[PDB]
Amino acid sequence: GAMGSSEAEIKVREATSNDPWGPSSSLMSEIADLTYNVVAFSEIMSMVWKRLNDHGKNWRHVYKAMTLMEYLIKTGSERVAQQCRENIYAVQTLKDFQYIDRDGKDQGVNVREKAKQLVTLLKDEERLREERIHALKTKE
């Protein structure tokens, strides 16, 4: 289903699901390779920004989308980091993300801290170069 049709959006959804495991490194590597495919890049990034804009009980979409975005910034096409810097507000807003679950536990704190770290990385082009060498070595 069918004829080698794109599964880019589906792979991103899988990588950013509410499941309390993942995202898987092999799946993330597949998505990173697809970011060099201009058609797939658009599908991937749109889905990641959507997951980064979920809330509440879907907080893990946001947390896992940041893990995926970080991996793609470091391991994928340099167009990823460029688009993220262009859309930096969509990451910065997450430093304000709130969610208290029904057990009273602050899941939002994980989102806010991950966002803080991703923003400092994106603002530093030297850090991005260093991180890319290390990340590409992990990939290969």
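All residue numbers refer to positions in the sequence shown, first residue = 1.
Taking the mean of the C-alpha B-factors per stretch from the entry, tell me the winner out of 17-25 and 116-124. Stretch with the greater average CA B-factor: 17-25.
Out of 105-113 and 91-99, which stretch has the higher average CA B-factor listed in the record? Looking at the record's C-alpha B-factors, the answer is 105-113.
What third of its chain's C-alpha B-factors does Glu78 belong to: lowest, middle or highest? Tercile = highest for this residue's CA B-factor.
For the chain shown, is the CA B-factor of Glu86 in the lowest, middle or highest third of its modelled residues? As the PDB entry reports it, the C-alpha B-factor of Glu86 lands in the highest third of its chain.
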